[PDB]
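Colleague: Before we start, here is the structure in question, set down as structure tokens.
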Amino acid sequence: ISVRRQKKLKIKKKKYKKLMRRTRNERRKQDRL
Amino acid sequence: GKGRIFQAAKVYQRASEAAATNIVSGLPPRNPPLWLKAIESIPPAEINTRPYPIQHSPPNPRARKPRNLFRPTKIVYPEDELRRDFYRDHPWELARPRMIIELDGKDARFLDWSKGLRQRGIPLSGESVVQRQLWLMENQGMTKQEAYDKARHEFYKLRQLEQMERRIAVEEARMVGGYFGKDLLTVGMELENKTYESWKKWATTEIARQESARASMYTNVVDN
Amino acid sequence: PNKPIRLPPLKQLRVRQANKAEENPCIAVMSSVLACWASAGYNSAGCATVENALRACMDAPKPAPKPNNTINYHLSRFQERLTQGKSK
Amino acid sequence: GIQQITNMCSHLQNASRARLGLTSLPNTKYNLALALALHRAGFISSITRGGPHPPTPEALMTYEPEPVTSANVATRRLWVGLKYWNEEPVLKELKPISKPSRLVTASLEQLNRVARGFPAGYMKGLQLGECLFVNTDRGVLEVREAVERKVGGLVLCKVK
Amino acid sequence: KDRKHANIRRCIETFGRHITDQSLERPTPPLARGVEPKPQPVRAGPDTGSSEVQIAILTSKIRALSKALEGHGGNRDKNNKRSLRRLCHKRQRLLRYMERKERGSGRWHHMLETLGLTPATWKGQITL
Amino acid sequence: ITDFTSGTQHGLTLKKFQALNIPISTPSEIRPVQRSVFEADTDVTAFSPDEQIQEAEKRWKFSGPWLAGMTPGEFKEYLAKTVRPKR
RNA sequence: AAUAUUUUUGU
RNA sequence: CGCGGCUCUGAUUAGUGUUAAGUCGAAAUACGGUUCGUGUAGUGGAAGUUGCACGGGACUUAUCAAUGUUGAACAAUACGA
RNA sequence: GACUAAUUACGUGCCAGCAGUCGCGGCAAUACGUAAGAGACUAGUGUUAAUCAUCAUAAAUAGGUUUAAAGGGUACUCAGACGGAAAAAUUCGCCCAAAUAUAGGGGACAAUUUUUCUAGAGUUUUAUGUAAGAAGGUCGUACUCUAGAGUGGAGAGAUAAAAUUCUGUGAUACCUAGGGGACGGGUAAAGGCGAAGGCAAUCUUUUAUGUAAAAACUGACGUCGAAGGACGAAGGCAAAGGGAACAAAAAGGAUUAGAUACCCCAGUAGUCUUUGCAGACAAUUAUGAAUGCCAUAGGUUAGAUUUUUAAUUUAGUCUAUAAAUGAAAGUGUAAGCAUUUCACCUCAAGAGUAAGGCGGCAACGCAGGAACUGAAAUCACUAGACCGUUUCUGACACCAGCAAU
RNA sequence: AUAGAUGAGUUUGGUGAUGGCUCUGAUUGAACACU
Ligand SMILES: [K+]
Ligand SMILES: [K+]
Ligand SMILES: [K+]
Ligand SMILES: [K+]
Ligand SMILES: [K+]
Ligand SMILES: [K+]
Ligand SMILES: [K+]
Ligand SMILES: [K+]
Ligand SMILES: [Mg+2]
Ligand SMILES: [Mg+2]
Ligand SMILES: [Mg+2]
Ligand SMILES: [Mg+2]
Ligand SMILES: [Mg+2]
Ligand SMILES: [Mg+2]
Ligand SMILES: [Mg+2]
Ligand SMILES: [Mg+2]
Ligand SMILES: [Mg+2]
Ligand SMILES: [Mg+2]
Ligand SMILES: [Mg+2]
Ligand SMILES: [Mg+2]
Ligand SMILES: [Mg+2]
Ligand SMILES: [Mg+2]
Ligand SMILES: [Mg+2]
Ligand SMILES: [Mg+2]
Ligand SMILES: [Mg+2]
Ligand SMILES: [Mg+2]
Ligand SMILES: [Mg+2]
Ligand SMILES: [Mg+2]
Ligand SMILES: [Mg+2]
Ligand SMILES: [Mg+2]
Ligand SMILES: [Mg+2]
Ligand SMILES: [Mg+2]
Ligand SMILES: [Mg+2]
Ligand SMILES: [Mg+2]
Ligand SMILES: [Mg+2]
Ligand SMILES: [Mg+2]
Ligand SMILES: [Mg+2]
Ligand SMILES: [Mg+2]
Ligand SMILES: [Mg+2]
Ligand SMILES: [Mg+2]
Ligand SMILES: [Mg+2]
Ligand SMILES: [Mg+2]
Ligand SMILES: [Mg+2]
Ligand SMILES: [Mg+2]
Ligand SMILES: [Mg+2]
Ligand SMILES: [Mg+2]
Ligand SMILES: [Mg+2]
Ligand SMILES: [Mg+2]
Ligand SMILES: [Mg+2]
Ligand SMILES: [Mg+2]
Ligand SMILES: [Mg+2]
Ligand SMILES: [Mg+2]
Ligand SMILES: [Mg+2]
Ligand SMILES: [Mg+2]
Ligand SMILES: [Mg+2]
């Protein structure tokens, strides 16, 4: 896999890792950890 | 694939087919090249086929998976061991120049080593001692050392006379009014002078050069 | 210790600067002048003999260029023989 | 086993691809069977078993091998003479069919079809120059020999 | 290391097929149907390759290593945890072969009782 | 390419020495006694197991090495690989 | 030889 | 009647796809102007950026201070660009 | 319009519309709408939907995974597939050979089994060599802390330049005497060692493989290996220690249009020790492990043999090639010719995401879709252009000088 | 059953690959539009 295409996966995994933090407390209230 | 498709061995097969028929259908084929019939009955030889090379020494029998089965082997004779023993005992025998340029290849036809060291066509050198030693060692059933001594002493008696001739031949020529040129001892010394002088020029030039480096280390530009 | 390796196949076996680069000699004399001023002084008498040498240097004519070195030509003859071969 | 015939098929190709005059093969009852078929078919020159070193080429046929007992059976080997003609090997391809993972058995009714350039089963038709070897009760024969003897068996390899 | 090669000499002297062929009553396996015993050539040296000697030598290495892994700081040696698993598995493949080859011969029972090799050493799967 | 070089460095050095017309004599320890080298008594390499030490002084070509000359490592290799396997 | 200011954008 | 499954719907709320013509920066591709990516842990409106180890899909992209030689005289009927 | 057999004119002007795919239409459109001509099928003709084939496009026949979708982090290993030599019994597998063939024949191969064999795989004979691993201890250069009311007496350190900062409560610099933690200079190499991860000061202790040479011994005991279990870098969580140095965070000073940043003054977790959890990596040779085999050369590592000078030779590793192979780059102890076996792939994007579930203290890991939207995504190479890219070549391009705006 | 195995348009500045999509062939217990 080229480096240009690897950066497409890099942006997807970061925005997801960044999303699971923001909604971590909300998922803890509903018992969805 | 840096190589190219060489079809040099099929120039006949290819030319024979291109000349069998005519491109213009309905006409007889024109005459073929002048060389098509000359090599009609002289096909090429088989190339690029690795055979089992000639074995100049008994191959290792204990090897169960031997390699290099298609590698030419070294040519070693019984004389190779004798040449090394002699020339090592007589290192300066190599300084005596020897010509390895053959004239017609028919040199081994007049060599009868049952007569002595002096043979026809070849000079008296360490080889004549080796060939004489190998003969006595094989025919007369002598040992390596026994044959070596006999063939080695005959070599000295012949070389001694050679050095005695140079001395007497010159001394004999002057007794009747015969003069010669510059001997090798004098010419050799004159050459050293021309070289020694050139070294002296190089020494004085570098010596003076180093003085500048010694003085340039310290600084005295102020001129106190 | 190991011996020199057999160079890989190169495009060209050559030396960048065949003929040595000559350094301006008068630049060395100037450095000596600047040394006196640093230690002795500017309007002094110790730099007299050194300042004169700097004027005589710039006045003298520069040497002539030396004949180019033919090293790169001989390196190109024995490249394929000395190295692994030529690459391109 | 069939693994030996597969190794023999690959090696004979690599040897012909390298344009080697002689070729060695492990001395086995199965390898000698196919070797005799290749020789009887005209692909290899001769077959003589010997030690780890090839016999004297000058007296290949006249070579008198020593008995094969348990004291030397581990060192014996089959020495095959490869053939090259018209700047081209005579045993170019030796593609196998029956591999250790699967043994392909063909019937007489199918070999009769494969012998005339028509597929049958997991095989394909034979074209000009091709050749198919079959291991049967009467030895490792050729598809045209097995068709004449009216027998089927195990397909070993296809030779071009 | 000195005991290692001194024990290897004990194993060859205790389980050596050249010593057990006479010290045991029925060392060899019982003959099969139609099979008759024949004389075989004598050995030119000590028997050091038989499964009995090897299984004993692996038992000497398993004890020296398993004892070093249970000593002080032995848990921290996480790289030799594989060395032990490879000695017990290597011994499992020789016991699994010698079992069917010896067909319950007396020479096979002398090795088990002497070394204490229970069925858990070769019969199942060794998971350490 | 044929890696060659001029051979006069040793070819003429032999012709110079032979121009002095002097033989080679056995070394003498310090009554000058210049004995020739090529003589049937001294210049001999073949021998038999009958000759004792009294004749070994004449020979010049020995098969064994000179102990005092060999290095400590070259001596070890001799003792182990040439002497030990001869008992 | 071991040096390093800043300098974005283009339907 | 209870438990479990399943379908629909749900204030509120999240992600992603598409849509030439908006705004804010300029992260990548050249040494991309702080080498870029992998993992992991933080951090920032956003792309990003920071620590730690790792990869080259980046430096094999490498090209002389060994400065390069009186290596056996000369003359002859030998030798003759 | 081309695929697809068959042309012009006028009108329309990215509007109206056409379209199965690529596409056409922006004022002289063979592609739209009319008129004419032309090409074809015909009581049928087109369109929509569907199925097969196209598609080797889930490849049993018959694929593929270095750089294009796709090799598991690792190999010990249960099951399971596959696997020598020369004979024999049994099955009658396989073949004659079927019709799901009674009963026979043939014996190469196949399955179970038996007896022998040594070429595979193993054992012994302290190899040599070696940063695999572990325990208990130490050594040293530098750093840092304390003290000597030391010497000396105004600056130091930082950066491209500075500022925050240090210093008259005596700093930096130069010493003396006590400590205190972690680090590993040279040697050092294309070198080596382990299953991988990874392992480089030193002593003792301790542990499994591997390699060379000969002999001896066992006698196919072998390879691969789902799952389980074990091991698994840095970072991280948990507990107790340690804390010199470095340094996420937090915080300040500059740079800048702005600057969270790159740079700087300082600095907590953390890095280290011990006991557990955790299991993700460009865990890489972007190349699973293993067997058989194919022509040379130049280095290099640990051995062996020898006429130990220098050449043979075994097992590794690294460059450059031949045949060959490949999309090519290139490989050429393999990315070749073959084989075994496991894992994995089936257009892009959504997505390694959602839901339920499992593991974990947590962080997260394992497993793993579909809807919506597309006709392309994607690889290597070729020639250019560009480079706050290298080395050069021309030009008042620049420097310098004079004149001018 | 021995004649039975076939391609085309489309990614790129361009070449060669990879990999889809679409057309070409046959058909329906078919529907619709114009007849
Ligand atoms: K590169
Ligand atoms: K049978
Ligand atoms: K002080
Ligand atoms: K190794
Ligand atoms: K710091
Ligand atoms: K664990
Ligand atoms: K090599
Ligand atoms: K989703
Ligand atoms: Mg990929
Ligand atoms: Mg530790
Ligand atoms: Mg633009
Ligand atoms: Mg709602
Ligand atoms: Mg960046
Ligand atoms: Mg940028
Ligand atoms: Mg950058
Ligand atoms: Mg990074
Ligand atoms: Mg911050
Ligand atoms: Mg780059
Ligand atoms: Mg047309
Ligand atoms: Mg297009
Ligand atoms: Mg129209
Ligand atoms: Mg009709
Ligand atoms: Mg891998
Ligand atoms: Mg895993
Ligand atoms: Mg992975
Ligand atoms: Mg039967
Ligand atoms: Mg036996
Ligand atoms: Mg034996
Ligand atoms: Mg063996
Ligand atoms: Mg040792
Ligand atoms: Mg003071
Ligand atoms: Mg310390
Ligand atoms: Mg590594
Ligand atoms: Mg070091
Ligand atoms: Mg295995
Ligand atoms: Mg597993
Ligand atoms: Mg950790
Ligand atoms: Mg930790
Ligand atoms: Mg803590
Ligand atoms: Mg700040
Ligand atoms: Mg650690
Ligand atoms: Mg790693
Ligand atoms: Mg595997
Ligand atoms: Mg290495
Ligand atoms: Mg290479
Ligand atoms: Mg291939
Ligand atoms: Mg996908
Ligand atoms: Mg997953
Ligand atoms: Mg989930
Ligand atoms: Mg280019
Ligand atoms: Mg101008
Ligand atoms: Mg100006
Ligand atoms: Mg004006
Ligand atoms: Mg392009
Ligand atoms: Mg394709």
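As shown in the structure tokens, the chain order sets the letters A, B, ...; within each chain, residues go from 1, and ligands are also counted from 1 in the order they appear.
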Need to verify the contact set: region 1-8 of chain G, 9 Å, only C-alpha atoms (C1' of nucleotides), exclusion of same-chain residues closer than 5 positions in sequence. Can you return it as a VMD selection string?

Modeller: (chain H and resid 25 to 26) or (chain I and resid 160 to 161 255 to 256 388)

Colleague: Which residues form the shell of 12 Å around ligand 12 when you count only C-alpha atoms (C1' of nucleotides) and all ligand atoms, given as a PyMOL selection string?

Modeller: chain H and resi 9-14

Colleague: By how many Å are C1' of residue 295 (chain I) and CA of residue 64 (chain B) apart?

Modeller: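 It comes out at 21.2 Å.
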
Colleague: Once you count only C-alpha atoms (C1' of nucleotides) and all ligand atoms, which residues end up within 9 Å of ligand 37, and could you hand them over as a PyMOL selection string?

Modeller: chain I and resi 233-236+278

Colleague: So that I can check the surroundings of residue 125 (chain E), please list as a ChimeraX atom specification every protein, DNA and RNA residue that reaches within 12 Å of it, counting only C-alpha atoms (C1' of nucleotides) and ignoring chain neighbours fewer than 4 positions away.

Modeller: /E:85,88-89,92-93,96,119-121 /I:76-79,228-229

Colleague: Write the residues you've just listed into a file as a PDB file, in the first residue's frame, and include N, CA, C and O atoms (P, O5', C5', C4', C3', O3' and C1' of nucleotides) for each of them.

Modeller:
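Just written: out04.pdb:
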```
ATOM      1  N   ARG E  85       9.423 -26.596  26.827  1.00  0.00           N
ATOM      2  CA  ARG E  85       8.334 -27.139  26.028  1.00  0.00           C
ATOM      3  C   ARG E  85       8.857 -27.944  24.849  1.00  0.00           C
ATOM      4  O   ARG E  85       8.182 -28.866  24.380  1.00  0.00           O
ATOM      5  N   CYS E  88      10.052 -31.491  26.370  1.00  0.00           N
ATOM      6  CA  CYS E  88       8.934 -32.377  26.670  1.00  0.00           C
ATOM      7  C   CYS E  88       8.241 -32.847  25.401  1.00  0.00           C
ATOM      8  O   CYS E  88       7.747 -33.978  25.349  1.00  0.00           O
ATOM      9  N   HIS E  89       8.191 -31.999  24.375  1.00  0.00           N
ATOM     10  CA  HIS E  89       7.587 -32.402  23.112  1.00  0.00           C
ATOM     11  C   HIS E  89       8.517 -33.314  22.326  1.00  0.00           C
ATOM     12  O   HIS E  89       8.064 -34.275  21.696  1.00  0.00           O
ATOM     13  N   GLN E  92       8.071 -36.493  23.796  1.00  0.00           N
ATOM     14  CA  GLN E  92       6.776 -37.075  23.469  1.00  0.00           C
ATOM     15  C   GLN E  92       6.810 -37.823  22.145  1.00  0.00           C
ATOM     16  O   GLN E  92       6.110 -38.828  21.985  1.00  0.00           O
ATOM     17  N   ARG E  93       7.609 -37.352  21.189  1.00  0.00           N
ATOM     18  CA  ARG E  93       7.680 -37.992  19.885  1.00  0.00           C
ATOM     19  C   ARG E  93       8.506 -39.270  19.900  1.00  0.00           C
ATOM     20  O   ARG E  93       8.297 -40.137  19.045  1.00  0.00           O
ATOM     21  N   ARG E  96       6.175 -41.780  21.843  1.00  0.00           N
ATOM     22  CA  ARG E  96       5.047 -42.156  21.003  1.00  0.00           C
ATOM     23  C   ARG E  96       5.466 -43.143  19.925  1.00  0.00           C
ATOM     24  O   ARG E  96       4.647 -43.947  19.468  1.00  0.00           O
ATOM     25  N   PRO E 119       1.927 -41.926  31.656  1.00  0.00           N
ATOM     26  CA  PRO E 119       1.248 -41.666  30.376  1.00  0.00           C
ATOM     27  C   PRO E 119       1.087 -40.193  30.053  1.00  0.00           C
ATOM     28  O   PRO E 119       0.942 -39.846  28.876  1.00  0.00           O
ATOM     29  N   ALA E 120       1.113 -39.314  31.054  1.00  0.00           N
ATOM     30  CA  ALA E 120       0.945 -37.890  30.806  1.00  0.00           C
ATOM     31  C   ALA E 120       2.127 -37.273  30.078  1.00  0.00           C
ATOM     32  O   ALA E 120       2.053 -36.099  29.702  1.00  0.00           O
ATOM     33  N   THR E 121       3.205 -38.025  29.872  1.00  0.00           N
ATOM     34  CA  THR E 121       4.396 -37.481  29.238  1.00  0.00           C
ATOM     35  C   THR E 121       4.369 -37.615  27.725  1.00  0.00           C
ATOM     36  O   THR E 121       5.046 -36.845  27.036  1.00  0.00           O
TER      37      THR E 121
ATOM     38  P     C I  76      10.225 -24.775  15.368  1.00  0.00           P
ATOM     39  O5'   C I  76       9.994 -25.886  16.485  1.00  0.00           O
ATOM     40  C5'   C I  76       8.720 -26.487  16.673  1.00  0.00           C
ATOM     41  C4'   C I  76       8.427 -26.709  18.135  1.00  0.00           C
ATOM     42  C3'   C I  76       7.372 -27.753  18.463  1.00  0.00           C
ATOM     43  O3'   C I  76       7.849 -29.084  18.418  1.00  0.00           O
ATOM     44  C1'   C I  76       6.975 -25.812  19.743  1.00  0.00           C
ATOM     45  P     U I  77       7.152 -30.166  17.453  1.00  0.00           P
ATOM     46  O5'   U I  77       5.636 -30.229  17.939  1.00  0.00           O
ATOM     47  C5'   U I  77       5.298 -30.773  19.203  1.00  0.00           C
ATOM     48  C4'   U I  77       3.890 -30.418  19.618  1.00  0.00           C
ATOM     49  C3'   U I  77       2.767 -31.025  18.792  1.00  0.00           C
ATOM     50  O3'   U I  77       2.482 -32.365  19.151  1.00  0.00           O
ATOM     51  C1'   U I  77       2.330 -28.731  19.160  1.00  0.00           C
ATOM     52  P     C I  78       1.659 -33.327  18.160  1.00  0.00           P
ATOM     53  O5'   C I  78       0.159 -33.241  18.683  1.00  0.00           O
ATOM     54  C5'   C I  78      -0.225 -33.882  19.887  1.00  0.00           C
ATOM     55  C4'   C I  78      -1.716 -33.833  20.101  1.00  0.00           C
ATOM     56  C3'   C I  78      -2.574 -34.243  18.916  1.00  0.00           C
ATOM     57  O3'   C I  78      -2.693 -35.646  18.774  1.00  0.00           O
ATOM     58  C1'   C I  78      -3.408 -32.234  19.819  1.00  0.00           C
ATOM     59  P     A I  79      -2.667 -36.314  17.314  1.00  0.00           P
ATOM     60  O5'   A I  79      -4.027 -35.831  16.643  1.00  0.00           O
ATOM     61  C5'   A I  79      -5.280 -36.193  17.202  1.00  0.00           C
ATOM     62  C4'   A I  79      -6.409 -35.402  16.595  1.00  0.00           C
ATOM     63  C3'   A I  79      -6.582 -35.538  15.092  1.00  0.00           C
ATOM     64  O3'   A I  79      -7.276 -36.712  14.716  1.00  0.00           O
ATOM     65  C1'   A I  79      -6.689 -33.256  15.693  1.00  0.00           C
ATOM     66  P     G I 228      -8.060 -20.306  20.084  1.00  0.00           P
ATOM     67  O5'   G I 228      -7.549 -21.237  21.268  1.00  0.00           O
ATOM     68  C5'   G I 228      -8.460 -21.820  22.184  1.00  0.00           C
ATOM     69  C4'   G I 228      -7.779 -22.838  23.061  1.00  0.00           C
ATOM     70  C3'   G I 228      -6.628 -22.317  23.905  1.00  0.00           C
ATOM     71  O3'   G I 228      -7.056 -21.685  25.098  1.00  0.00           O
ATOM     72  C1'   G I 228      -5.948 -24.279  22.794  1.00  0.00           C
ATOM     73  P     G I 229      -6.368 -20.315  25.574  1.00  0.00           P
ATOM     74  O5'   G I 229      -4.902 -20.751  26.012  1.00  0.00           O
ATOM     75  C5'   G I 229      -4.692 -21.571  27.151  1.00  0.00           C
ATOM     76  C4'   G I 229      -3.301 -22.148  27.164  1.00  0.00           C
ATOM     77  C3'   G I 229      -2.162 -21.140  27.172  1.00  0.00           C
ATOM     78  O3'   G I 229      -1.888 -20.609  28.455  1.00  0.00           O
ATOM     79  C1'   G I 229      -1.741 -22.769  25.527  1.00  0.00           C
TER      80        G I 229
END
```

Colleague: Name each residue within 12 Å of ligand 52, counting only C-alpha atoms (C1' of nucleotides) and all ligand atoms, as number ranges by chain.

Modeller: I: 396, 398-403

Colleague: Provide as a PyMOL selection string the residues of chain D at most 7 Å from chain B, counting only C-alpha atoms.

Modeller: chain D and resi 19-22+52+75

Colleague: Would you please give, as an NGL selection string, all residues of region 62-209 of chain B that DSSP assigns to helix (DSSP H, G or I) based on the backbone?

Modeller: :B and (78-89 or 91-94 or 126-138 or 144-174 or 184-209)

Colleague: Show me which bits of chain F are within 12 Å of chain I, counting only C-alpha atoms (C1' of nucleotides), as a list in words.

Modeller: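 Residues of chain F within 12 Å of chain I, counting only C-alpha atoms (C1' of nucleotides): residues 74, 77, 78 and 81 of chain F.
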
Colleague: Please identify all protein, DNA and RNA residues within 12 Å of ligand 40, counting only C-alpha atoms (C1' of nucleotides) and all ligand atoms, and report them as a PyMOL selection string.

Modeller: chain I and resi 164+250-255+259-265

Colleague: Let me see if you get this right: every residue at most 12 Å from ligand 1, counting only C-alpha atoms (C1' of nucleotides) and all ligand atoms, written as a list in words.

Modeller: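 Based on only C-alpha atoms (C1' of nucleotides) and all ligand atoms, ligand 1 is surrounded within 12 Å by residues 56, 57, 58, 59, 60 and 61 of chain H.
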
Colleague: 9 Å from ligand 4 is the threshold here; counting only C-alpha atoms (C1' of nucleotides) and all ligand atoms, which polymer residues fall inside it? Answer as a PDB file with N, CA and C atoms (P, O5', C5', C4', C3', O3' and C1' of nucleotides), in the first residue's frame.

Modeller:
```pdb
ATOM      1  P     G I 192      27.725 -12.891   9.686  1.00  0.00           P
ATOM      2  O5'   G I 192      27.488 -13.241  11.219  1.00  0.00           O
ATOM      3  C5'   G I 192      28.431 -14.020  11.933  1.00  0.00           C
ATOM      4  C4'   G I 192      28.204 -13.950  13.422  1.00  0.00           C
ATOM      5  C3'   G I 192      26.947 -14.617  13.955  1.00  0.00           C
ATOM      6  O3'   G I 192      27.066 -16.024  14.061  1.00  0.00           O
ATOM      7  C1'   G I 192      27.229 -12.502  14.977  1.00  0.00           C
ATOM      8  P     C I 193      25.765 -16.964  13.980  1.00  0.00           P
ATOM      9  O5'   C I 193      24.977 -16.644  15.326  1.00  0.00           O
ATOM     10  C5'   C I 193      25.553 -16.951  16.586  1.00  0.00           C
ATOM     11  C4'   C I 193      24.650 -16.570  17.731  1.00  0.00           C
ATOM     12  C3'   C I 193      23.230 -17.095  17.655  1.00  0.00           C
ATOM     13  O3'   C I 193      23.123 -18.438  18.083  1.00  0.00           O
ATOM     14  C1'   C I 193      23.191 -14.810  18.247  1.00  0.00           C
ATOM     15  P     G I 194      21.880 -19.335  17.615  1.00  0.00           P
ATOM     16  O5'   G I 194      20.774 -19.031  18.714  1.00  0.00           O
ATOM     17  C5'   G I 194      19.481 -19.593  18.607  1.00  0.00           C
ATOM     18  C4'   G I 194      18.454 -18.746  19.304  1.00  0.00           C
ATOM     19  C3'   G I 194      17.089 -18.724  18.641  1.00  0.00           C
ATOM     20  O3'   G I 194      16.294 -19.853  18.958  1.00  0.00           O
ATOM     21  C1'   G I 194      17.761 -16.514  19.105  1.00  0.00           C
ATOM     22  P     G I 210      20.031 -29.081  17.204  1.00  0.00           P
ATOM     23  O5'   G I 210      20.751 -28.015  16.269  1.00  0.00           O
ATOM     24  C5'   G I 210      19.991 -27.145  15.446  1.00  0.00           C
ATOM     25  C4'   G I 210      20.792 -25.944  15.016  1.00  0.00           C
ATOM     26  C3'   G I 210      22.119 -26.234  14.336  1.00  0.00           C
ATOM     27  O3'   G I 210      21.973 -26.564  12.967  1.00  0.00           O
ATOM     28  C1'   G I 210      22.432 -24.577  15.986  1.00  0.00           C
ATOM     29  P     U I 211      22.808 -27.779  12.329  1.00  0.00           P
ATOM     30  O5'   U I 211      24.256 -27.165  12.092  1.00  0.00           O
ATOM     31  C5'   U I 211      24.432 -26.039  11.248  1.00  0.00           C
ATOM     32  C4'   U I 211      25.855 -25.548  11.265  1.00  0.00           C
ATOM     33  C3'   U I 211      26.924 -26.602  11.033  1.00  0.00           C
ATOM     34  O3'   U I 211      27.102 -26.928   9.667  1.00  0.00           O
ATOM     35  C1'   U I 211      27.524 -25.286  12.890  1.00  0.00           C
ATOM     36  P     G I 316      22.743 -23.898   5.235  1.00  0.00           P
ATOM     37  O5'   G I 316      23.261 -22.593   5.980  1.00  0.00           O
ATOM     38  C5'   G I 316      23.077 -21.306   5.416  1.00  0.00           C
ATOM     39  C4'   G I 316      23.619 -20.236   6.325  1.00  0.00           C
ATOM     40  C3'   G I 316      23.441 -18.807   5.845  1.00  0.00           C
ATOM     41  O3'   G I 316      22.144 -18.300   6.103  1.00  0.00           O
ATOM     42  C1'   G I 316      25.662 -19.119   6.588  1.00  0.00           C
TER      43        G I 316
END
```

Colleague: List the spatial neighbours of region 124-141 of chain D as a PyMOL selection string - criterion: any atom at most 10 Å away, only C-alpha atoms (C1' of nucleotides), same-chain residues fewer than 6 positions off excluded.

Modeller: (chain D and resi 30-38+40-41+90+93-98+105-106+111+113-118+147+149+151-160) or (chain I and resi 94-95+106-109)

Colleague: Can you pull out every residue within 12 Å of residue 69 (chain E), counting only C-alpha atoms (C1' of nucleotides), but drop anything in the same chain fewer than 6 positions away, and send it as a PyMOL selection string?

Modeller: (chain E and resi 62-63+75-84) or (chain I and resi 133-135+206-207)

Colleague: Please dump the current selection as a PDB file, in the first residue's frame; keep C-alpha atoms (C1' of nucleotides).

Modeller:
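What ended up in out29.pdb:
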```
ATOM      1  CA  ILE E  62      14.134 -31.283  31.705  1.00  0.00           C
ATOM      2  CA  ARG E  63      15.088 -31.532  35.383  1.00  0.00           C
ATOM      3  CA  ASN E  75       9.821 -16.841  36.412  1.00  0.00           C
ATOM      4  CA  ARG E  76      11.652 -13.910  34.810  1.00  0.00           C
ATOM      5  CA  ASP E  77      13.320 -16.335  32.359  1.00  0.00           C
ATOM      6  CA  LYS E  78      10.518 -16.239  29.807  1.00  0.00           C
ATOM      7  CA  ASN E  79      12.740 -17.281  26.879  1.00  0.00           C
ATOM      8  CA  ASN E  80      13.611 -20.726  28.245  1.00  0.00           C
ATOM      9  CA  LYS E  81       9.921 -21.467  28.786  1.00  0.00           C
ATOM     10  CA  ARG E  82      10.093 -22.619  25.160  1.00  0.00           C
ATOM     11  CA  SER E  83      13.241 -24.678  25.742  1.00  0.00           C
ATOM     12  CA  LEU E  84      11.358 -26.767  28.299  1.00  0.00           C
TER      13      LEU E  84
ATOM     14  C1'   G I 133      17.717 -15.838  27.745  1.00  0.00           C
ATOM     15  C1'   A I 134      17.948 -15.687  33.604  1.00  0.00           C
ATOM     16  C1'   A I 135      20.048 -15.034  38.948  1.00  0.00           C
ATOM     17  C1'   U I 206      22.778 -20.904  35.246  1.00  0.00           C
ATOM     18  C1'   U I 207      19.747 -22.621  30.299  1.00  0.00           C
TER      19        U I 207
END
```

Colleague: So how far away is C1' of residue 183 (chain I) from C1' of residue 139 (chain I), in Å?

Modeller: 13.2 Å

Colleague: Neighbours of region 77-85 of chain B within 10 Å (only C-alpha atoms (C1' of nucleotides); same-chain residues fewer than 3 positions away dropped), as an MDAnalysis selection string?

Modeller: (chainID B and resid 56:57 74 88:90 126:127 129:131 133:134 144 148) or (chainID I and resid 307)
